[PDB]
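# Okay, structure incoming, though there's no sequence with it:
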Ligand SMILES: [Zn+2]
């Protein structure tokens, strides 16, 4: 009950598995382009990629 998709491109930094979700948002406006964040659906370890 969050707003992301199961992608499994990056591993977590704890559970060391492949069940991470990512979202592609672009901070303030849709003309100030994308940022890719990756969040583990398992323990909740999150980091970014861009
Ligand atoms: Zn984790």
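That came through, no problem. Numbering: from 1, shown residues only.
# Bridged to the residue lying closest to residue 46 once chain neighbours are set aside, which residues?
Spatial nearest neighbour of residue 46, excluding adjacent residues (CB to CB, 6 or more residues apart in numbering): residue 39 at 4.0 Å. Just so you know, the C-beta spots here come from the backbone N, C-alpha and C atoms, and that holds for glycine as well. With DSSP bridges as the criterion, residue 39 is bridged to residue 21, residue 46.
# if I read this right, residue 39 contacts residue 19, doesn't it?
No. Counting by CB atoms under 8 Å, residue 39 does not reach residue 19; the two are 10.7 Å apart.
# who has more neighbours, the two?
Between residue 39 and residue 19, counted using other CB atoms under 10 Å, residue 39 has the larger neighbour count: 18 against 13.
# Look up how far residue 28 lies from the more buried one.
Counting by CB to CB, to the nearest Å, the gap from residue 39 to residue 28 is 20 Å.
# Please apply the same query to residue 37.
Counting by CB to CB, the gap from residue 37 to residue 28 is 15 Å.
# who are the neighbours in contact with the residue nearest the centre of the chain?
The chain has residue 38 as the residue nearest its centroid, 2.1 Å off, counting by CA atoms, centre = their mean. Residues counted as contacts of residue 38 (CB atoms under 8 Å, 6 or more residues apart in numbering) are 7, 9-10, 20-22, 46-49.
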